[PDB]
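# Architecture at a glance
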Amino acid sequence: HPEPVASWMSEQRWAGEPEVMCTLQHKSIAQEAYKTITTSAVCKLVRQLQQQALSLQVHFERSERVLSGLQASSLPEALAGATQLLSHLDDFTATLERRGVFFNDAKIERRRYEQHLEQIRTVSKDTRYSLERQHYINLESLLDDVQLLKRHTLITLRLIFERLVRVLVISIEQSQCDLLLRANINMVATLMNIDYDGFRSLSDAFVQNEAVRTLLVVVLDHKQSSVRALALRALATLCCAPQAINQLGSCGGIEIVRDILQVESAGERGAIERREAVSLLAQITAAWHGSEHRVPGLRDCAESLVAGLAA
Amino acid sequence: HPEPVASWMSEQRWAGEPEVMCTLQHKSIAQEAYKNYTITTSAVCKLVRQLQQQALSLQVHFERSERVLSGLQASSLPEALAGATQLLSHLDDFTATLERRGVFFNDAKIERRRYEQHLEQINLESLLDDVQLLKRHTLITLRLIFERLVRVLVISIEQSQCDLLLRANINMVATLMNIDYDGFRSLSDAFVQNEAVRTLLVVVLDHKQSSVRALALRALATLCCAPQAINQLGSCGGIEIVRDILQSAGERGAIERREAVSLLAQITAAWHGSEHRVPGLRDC
Amino acid sequence: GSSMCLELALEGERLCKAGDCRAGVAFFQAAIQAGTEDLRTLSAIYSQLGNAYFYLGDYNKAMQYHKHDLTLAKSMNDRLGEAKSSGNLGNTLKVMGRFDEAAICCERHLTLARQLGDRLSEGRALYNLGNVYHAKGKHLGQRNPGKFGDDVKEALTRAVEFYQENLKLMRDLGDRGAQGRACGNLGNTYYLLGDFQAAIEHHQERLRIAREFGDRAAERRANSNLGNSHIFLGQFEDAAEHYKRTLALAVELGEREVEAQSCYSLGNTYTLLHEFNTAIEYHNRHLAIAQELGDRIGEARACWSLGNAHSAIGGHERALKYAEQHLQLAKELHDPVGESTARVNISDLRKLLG
Amino acid sequence: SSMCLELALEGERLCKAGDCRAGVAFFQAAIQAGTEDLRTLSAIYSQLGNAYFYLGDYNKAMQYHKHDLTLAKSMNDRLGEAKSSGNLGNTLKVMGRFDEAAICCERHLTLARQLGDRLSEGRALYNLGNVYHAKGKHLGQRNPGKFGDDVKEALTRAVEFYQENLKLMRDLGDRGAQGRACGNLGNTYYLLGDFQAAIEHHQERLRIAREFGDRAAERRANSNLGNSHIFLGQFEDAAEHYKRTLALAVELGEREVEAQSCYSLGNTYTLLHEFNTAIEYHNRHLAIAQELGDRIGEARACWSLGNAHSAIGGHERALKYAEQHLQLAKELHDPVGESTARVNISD
């Protein structure tokens, strides 16, 4: 009865390459909240602010470089760049405006915030006068004004970021829903994915609000190992700044993390939690600023001890 | 001269909260891309993660049937027949979903035919071993599928043209190896057999930008949950490479050294002892 | 065209939809430098770049890439894509303050939508034009009116017309929530125009729909708007009702600034009803929140209003205290315009036992 | 209400990221105590539908798409109702409930036509074509022996809808959509028997695939054309396409597809009585198959190679291939193959 070729053709009667494409539709939830406050909106806000502030910082830096003579550029190009810099600064200061609700019980901070904002507005106005009017433009005063605006902007952003972050850290501190706890911890992990130093720095925003101590409390007290792992992961992304590391050691965080990796070397309370704990220890030992003699000798000792076993 | 109420009414002249004024509609890159092209690196990742999360449910279903036929959660025997029917239907649905997403797989339904005969005809211990057999078989087939899929990713890494897509593809494995699962949803061995370790070491070596090397080091760090990947790492002489990242020369640094020491710790996570020395290094 | 450009654009889309549009822009621009060919995906890249630049506050580059998308679609005879691009471009131009150009773009979107037959795109277009002439009207009214009305009047009138057209189309189609938005903006336009009664009507319909969909935010907005309109119609009772409801929904939603705003509003509303006690209470709440947040301007307003509201009930003693606070805050905030002189005035006029 | 919004937001975020079981957990936790706001709730129902579909729990997917649908109907949101109708119809199609699926997709169609949305109309047409196509391909599986009246009815309807979609896509100028529609049309025509129409539509598909530079789609269309030519008795053209299939298969580094193409060319040249050249392709096929550890394809390879060597005259080789064939058939336990080997090992 049977036959190879006939079988091949018999089974090839049905075969055929399908144009696989998914046509499934999707309804967004975000749009149903688009067409105050919640941590989500806050995080979106600090991300938008961060990116805009970066794009502004490259402008401030460029105009600085040009007006300093560090970067070759014609005078008309320089003045035009300064003007559009002022434009960007205006559009940004506009977004820094109606932010009252975040300064709850922060009267000092709001006074400073508002003050420096007014300073930005005024100096911007005077500078724009210096460029638009005035026969012989003073470039010295122009550079000085640009740098001053950079100063004020920096301080302003530091303040508002501190408040915005305080929202999140407090939301973690006073959690009442475990899922939202995980979500928020994940939000601080996301917010510190890339650490900056310029306008968009969130380092001191997390340092001043005692985020490290909060997350360490989460690690200490929580029942679920998953959430503890999440908290360790979030702690590891804060230990880029030395201040946060000091703030970790001050709480005896090193001892706690060290305790995570043993408890008489017990099996339970693992094991991705361990994988994040050693990650924390790693990020910490990465600095290694520029001191200590034993902290290098031991490191090299381990580095060789591993090379022995592997090779 | 002025009045509080009069001033208030004077300033409420321009007040009033409006509906959404700014619209802005999006032109989907994904729709046009997925309907005008057969992309094979990101879609493959979405597919392997989907398959992962499905494999999880399939596994817990197998475990449930096992618990039933073990005499643990057993309350009836025809109930176990119905449960068997559910199990087979689920398995066949998983298969159909595979074929629907355009991934063919050679399946000699031997164990399944064993179970099918023993069930269609009808001792619980006679069926338990059949269930375990089908479980192991399905596991093997799954792991082969995962190997075949991940291979695309690893190849996409070792044959990248653009540095940005190189970064993205290097990070996709890190996102995939976010959490290792010991069951059906395991992707570790899929990365082991495809020698992702050697590839990532190749790019921590040959590449010229420090950031990319750092990324690769991070992915390597994610892969060091499995012992085979660690032995595979030591085989290529990766330890010497990392020790070169750390030990003096000024060309690489910052993020790269961080991911390097992270990888070193993750590898040396076989036994914790020097961490206490690092604690004594922190206490002073 | 190539896999490189496509995957670049994909990752860029991911980055933009997941947060950092600064990196998404990098991937997009990297994709443009790669294999284009497929003009559909190219148009998508240009457009998404436009929106990304809109997100980063670089509205000029947004306009640029959006117009590039528009051209790319126009050359490809893709009418729907041209309509979409015209919409985005128009919105961007509106934000930039170039209202006539924006009106042209949105009008193009409209006529194109009417040609294509897509009714929802027509609705979106009408609503957009409404927003454009609304924004234009508000801008002109705030910084460039002129004898007599007159351009602001025509602008707001236009916005009203388009909003009405949109509302009619939505009533025909059956989309209730869209009627909600339409009624909201229509009511606000009528509010800025002078027809407070029509504003009350449309805002009332907005409130009704907001209730229908369980949209408490829209409920609160509609209530506040109705409160203002009723205030300007002299009907202080209804204004008190709506302001109270606004306050309730404000504390229900956790809107502190809106809470304080509503309290001050209720204070002024009850002062117009000659019930200075209740008014004093509400003004006290507003002062509480203003102090809590550091709203020194609002604290000044509160001290002023509380001063006069205490002079009206008899307690001039406390009223002088409040007025003194008003003066101090006036000197602090540098408000010579009136606050300094006004506080001086109401202090000297009071005192009695000098 | 607010907590619901946060929960549902993180759930949406998790679903966009791929983690759908966690997203489902968050969504259910969002419904646990929440809105009020009907729009958000409906969105949550939809998201849950697509998430459960993503997870393969088609029951709950169908259910929450049903809830999203009734909520959309209550709001009289015609477009949302169209969306939920499409999704529900898709989930229904995957469940094998083709009739109800067809009804839902038809609702999507009439709504899309009402709103003037030609894009959603196109999606609806493609959906209907898909559900009737799959209906035919399932009915054909229930009774393998013969394409009954039912199967040809379903496939005919699928052809009609696919054609309507093609008309709309040509009218709108969506090249890729035309490509997919042409591919599906070619497949369903191939299943219908009209292999010539299959040839034409697969040709158009190849032209589009060349217009976009998608070599995977090129080898798809080439494979389909190869089959469609095999069943037309035009073995010349069949090999002509199969070779290009193999070329595009090795140009893209497709191992499995390469093996399949080699087996195909082998049987094709077996049919062309060029027994010398067929053994080459079958040998290469056995090489790739034995390389990838494919016992099934190894067995089939031994079968074809054995019969081919018997067709040449070198039975000394064919006997060996038959022995290995029996070994493989007994290894993976095949009641048919074992007998087919035992017959040709003596006879």
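Numbers attached to residues count from 1 within each chain as its sequence is written and can disagree with those in the entry; no residue without coordinates is shown. Written order determines the labels here, with chains lettered from A and ligands numbered from 1. Working from all heavy atoms in the structure, the side-chain values ignore hydrogens and water. Residues with missing side-chain atoms are left out of burial classes, side-chain pairs and their counts.

### Quick notes on a negative patch on the surface
- Taken together, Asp-149, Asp-150, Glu-153 and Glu-160 of chain D make up a surface patch of like negative charges.
- Only DSSP runs of H or I reaching four residues or more are called helices, and only runs of E reaching two or more are called strands; each is numbered from the N terminus. Turning to its location among the elements, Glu-160 of chain D is positioned in helix α8 (residues 149-172). Every patch collects residues that have over 30% relative accessible area and no salt bridge, joining them within 9 Å if they carry like charges and within 5 Å if they are nonpolar side chains (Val, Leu, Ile, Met, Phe, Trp, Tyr). Note that accessible areas follow from Shrake-Rupley with a 1.4 Å probe, and for residues the cover is restricted to the protein chains shown. Each reported salt bridge corresponds to a side-chain nitrogen of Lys or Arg within 4 Å of a carboxyl oxygen of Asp or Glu. Only four residue types enter the charge count, namely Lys and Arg as positive and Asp and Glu as negative; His and the chain termini do not. Where a charge lies is defined by one atom per residue type, namely NZ (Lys), CZ (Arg), CG (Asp) and CD (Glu).

### Here we look at the environment of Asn-209 of chain A
Residue and element names in this part refer to chain A.
- With respect to the helices and strands, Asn-209 occurs in the loop between α7 (203-208) and α8 (211-221).
- Exposure is judged per residue with a 1.4 Å probe applied to protein chains only, and the accessible area is read against the type maximum: over 50% gives exposed, under 20% gives buried, and values in between give partly exposed. For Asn-209, a relative accessible area of 14% translates into the label buried.
- Once the C-alpha coordinates of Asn-209 and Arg-163 are considered, the two residues, 46 residues apart in sequence, prove to be 8.7 Å apart.
- The term polar contact refers here to a pair of N or O atoms within 3.5 Å; inside protein, the definition further demands a hydrogen-donor-capable atom paired with an acceptor-capable atom, and it admits residues adjacent in sequence only when both atoms are side-chain atoms. Within polar-contact distance, the side chain of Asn-209 engages the backbone oxygen of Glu-162 at 3.0 Å.

### Observations concerning the interface of chain C and chain B
- In what follows, residue pairs with any heavy atoms lying within 4.5 Å of each other are defined as contacts. Facing 70 residues of chain C, the contacting portion of chain B comprises 40 residues.
- Reported buried area values correspond to the accessible surface (1.4 Å probe) lost by two parts on association, with both partners' losses combined. By the criterion of area lost to chain B, the three top residues of chain C are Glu-7, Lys-84 and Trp-304 of chain C, representing 11% of everything that side buries.
- On inspection of chain C and its partner chain B, the count reaches five salt bridges.
- For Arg-206 of chain C, the salt bridge is made with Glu-19 of chain B, and the minimal N-O distance between the two is 3.1 Å.
- Across the chain C-chain B interface, the total number found is 26 residue pairs in polar contact.

### So, the packing of helix α1 (residues 3-18) of chain C against helix α2 (residues 21-32) of chain C
Residue and element names in this part refer to chain C.
- In this description, a line fitted to the C-alpha atoms serves as the axis of each element, helices being fitted only across the stretch in contact, and the angle between N-to-C directions of two axes falls anywhere from 0 to 180 degrees. Where α1 contacts α2, the axes come no closer than 8 Å and their chain directions differ by 165°. Our classification of the angle between α1 and α2 gives roughly antiparallel. For the element pair α1 and α2, the recorded crossing hand is left-handed. From α1, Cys-5, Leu-8, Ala-9, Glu-11, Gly-12, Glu-13, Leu-15 and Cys-16 reach across to α2, where they touch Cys-21, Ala-23, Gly-24, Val-25, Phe-27, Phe-28, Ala-30 and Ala-31.
- When residue character is reported, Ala, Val, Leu, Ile, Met, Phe, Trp, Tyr, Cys and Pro are called nonpolar, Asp, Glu, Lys and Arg charged, and the others, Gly included, polar. Residues that form the contact of α1 with α2 fall into these classes: twelve nonpolar, two polar and two charged. Note that the term roughly parallel is reserved for angles under 35 degrees, roughly antiparallel for angles over 145, roughly perpendicular for angles of 65 to 115, and oblique for everything else. Put simply, a crossing is left-handed when the front helix is turned counterclockwise from the back one by less than a right angle, and right-handed when it is turned clockwise.

### Looking at the interface of chain A and chain B
- Contact residues are listed per partner, giving 25 residues for chain A and 27 residues for chain B.
- For the side of chain A that touches chain B, the secondary-structure elements that each account for two or more residues are α11 (253-260), α12 (272-285) and α13 (294-310) of chain A.
- Looking at which element gives the most residues to the side of chain A that touches chain B, the answer is α12 of chain A, with nine residues.
- Across the side of chain A that touches chain B, the residue classes break down as 16 nonpolar, three polar and six charged.

### A few points about the side chain of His-202 of chain D
Residues and elements named next belong to chain D.
- By secondary structure assignment, the location of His-202 is in helix α10 (residues 195-212).
- Residue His-202 is classed as buried on the basis of its relative accessible area, which comes to 1%.
- Setting aside its immediate chain neighbours within four residues, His-202 contacts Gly-183, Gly-186, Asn-187, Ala-221, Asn-224, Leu-225 and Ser-228.

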